[PDB]
Amino acid sequence: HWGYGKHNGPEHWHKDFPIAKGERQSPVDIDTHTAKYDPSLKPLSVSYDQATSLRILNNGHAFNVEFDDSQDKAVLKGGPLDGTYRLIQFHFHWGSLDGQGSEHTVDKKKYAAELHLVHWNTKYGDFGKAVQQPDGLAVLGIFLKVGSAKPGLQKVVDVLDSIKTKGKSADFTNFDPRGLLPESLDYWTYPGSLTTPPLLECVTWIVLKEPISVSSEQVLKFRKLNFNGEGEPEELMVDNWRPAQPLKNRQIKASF
Ligand SMILES: COc1cc(O)c(/C=C\C(=O)O)cc1[C@@H](O)CC(C)C
Ligand SMILES: [Hg+2]
Ligand SMILES: [Hg+2]
Ligand SMILES: [Zn+2]
């Protein structure tokens, strides 16, 4: 089954998921000199005050922090979005070394990691119905660079020991995702896809310009995770990122 290695990685995904060669695939390179300021974009509203995390899961490719989305709590609206999108989970993509890890790139620059906060459009009733629509999802993308520690990330970091191998989960209630946001909300936005199979083209991407800093010690703990299940040969969970895909004359808009 699909992964990130030589034999099941991004170059292979098209065989089981033909949309891998589609018209609105993610991630993409953000050419800052081609992206245009869009005066018509409303302000972005990120309302994560009443967010309810439930648990953290190693799913064999990354870890998902999952939220209770059975009610309008943590919501994304404004910007390029119409209506309300509900936070369902967040996860990261990261590298084996600080010079790679992000999915989106900025003028070809790769960051050490990238955070994806995944939201589904409430007009569609549930996540499963949302992923059958071109405007079903909104993902908030936040770059990670290595420098000073991110205090709001440390609760995630310390729990990773308990979810080392594929299929392990842990109770992870009362996590506040506001602690992962950079100061500025300037962003780029384009229509795209989820970056893991089935790579559904349902996403309005909102990628923040300002990276957060995490410490080397913090990213190193990400890298101690396992792709394999308990008691199998150890495959370190690293380089779980899909490279940049053809823009196919979509248009990236700047909020600034
Ligand atoms: C919007 O995404 C989701 C929607 C979802 O409904 C679920 C649900 C269950 C679970 O993972 O056990 C997960 C996710 C994420 O877990 C994506 C995963 C392939 C990294
Ligand atoms: Hg997986
Ligand atoms: Hg879709
Ligand atoms: Zn992602």
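For this coordinate set, the PDB header names X-ray crystallography as the determination method and states a resolution of 2.00 Å.

Per the PDB entry, the chain is named Carbonic anhydrase 2, and its organism is Homo sapiens. What the PDB record gives as the title of this entry is "Coumarins are a novel class of suicide carbonic anhydrase inhibitors". Quoted verbatim from the Subunit (literature references left out) field of the UniProt record, the comment on the chain reads "Interacts with SLC4A4. Interaction with SLC4A7 regulates SLC4A7 transporter activity. Interacts with SLC26A6 isoform 4 (via C-terminus cytoplasmic domain)." Annotation of the chain in UniProt includes, under Sequence similarities, the sentence "Belongs to the alpha-carbonic anhydrase family."

1. What about unusual backbone geometry?
The omega torsion across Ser26 and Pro27 is 0°, close enough to zero to call that bond cis. Within the secondary structure, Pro27 sits in the segment before β1 (29–30). Although it is not a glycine, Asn174 adopts a positive phi angle of roughly 65°. Assignment of secondary structure puts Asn174 in the loop between β11 (169–171) and β12 (187–192). Since its relative accessible area comes to 63%, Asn174 is described here as exposed. Unlike most non-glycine residues, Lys248 shows phi in positive territory, near 50°. Structurally, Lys248 is set in the loop between α3 (216–222) and β15 (253–254).

2. What to know about the pairing of strand β3 (residues 44–47)
Burial along β3 is one-sided: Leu44 and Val46 are buried, while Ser45 and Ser47, pointing the other way, are not. When β3 meets strand β6 (residues 75–78), the two strands line up antiparallel, connected through four bridges. Each residue of the ladder has a partner; that of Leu44, found in β6, is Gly78.

3. Considerations on the site of ligand 1
Near ligand 1 the following residues occur: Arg55, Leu57, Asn59, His61, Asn64, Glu66, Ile88, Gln89, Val118 and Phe127. In this structure, an oxygen atom belonging to ligand 1 sits 3.2 Å away from a side-chain N or O atom of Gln89. Every element with two or more residues in the shell around ligand 1 is listed here: β4 (53–58), β5 (63–67) and β7 (85–94). A class-by-class count of the residues in the shell around ligand 1 yields four nonpolar, four polar and two charged.

4. Let's talk about the pattern of salt bridges
Two side chains of opposite charge can pair, provided their charged atoms sit close to one another. Summed over all chains, the structure comprises nine salt bridges. With a shortest N-O distance of 2.7 Å, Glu66 and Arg55 are connected by a salt bridge. In this pair, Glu66 is assigned in strand β5 and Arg55 in strand β4, connecting sequence segments 11 residues apart. The class for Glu66 is buried, based on a relative accessible area of 17%. Exposure remark for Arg55: the relative accessible area of 32% places this residue in the partly exposed category. Note that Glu234 and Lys164 form a salt bridge whose closest N and O atoms lie 3.2 Å from each other.

5. Comments concerning the pairing of β4
Bridging between β4 and β5 involves five bridges; their strand directions are antiparallel. Within β5, the position partnered with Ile56 by the bridge is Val65. Taking the residues that link successive antiparallel strands as the turn, the β4-β5 hairpin has four residues, and the phi of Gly60 there is positive, at about 85°. Bridge count between β4 and β11: three bridges; the pairing is antiparallel. Bridge pairing in β11 links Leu57 to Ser169.

Calculation rules
- Residues numbered from 1 in each chain as written, not as in the entry; some residues may be left out.
- Chains lettered and ligands numbered in written order.
- Heavy atoms only, no water.
- UniProt positions renumbered as here; feature names shortened; annotations may be inferred.
- Helix = DSSP H or I, 4+ residues; strand = E, 2+ residues; numbered from the N terminus.
- Buried < 20%, exposed > 50% of the residue type's maximum accessible area, 1.4 Å probe, protein only.
- Pairing = 2+ DSSP bridges.
- Near = heavy atom within 4 Å.
- Polar contact = N/O pair within 3.5 Å; in protein donor to acceptor, adjacent residues only side chain to side chain.
- Nonpolar A, V, L, I, M, F, W, Y, C, P; charged D, E, K, R; others polar.
- Salt bridge = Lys/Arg side-chain N within 4 Å of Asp/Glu carboxyl O.

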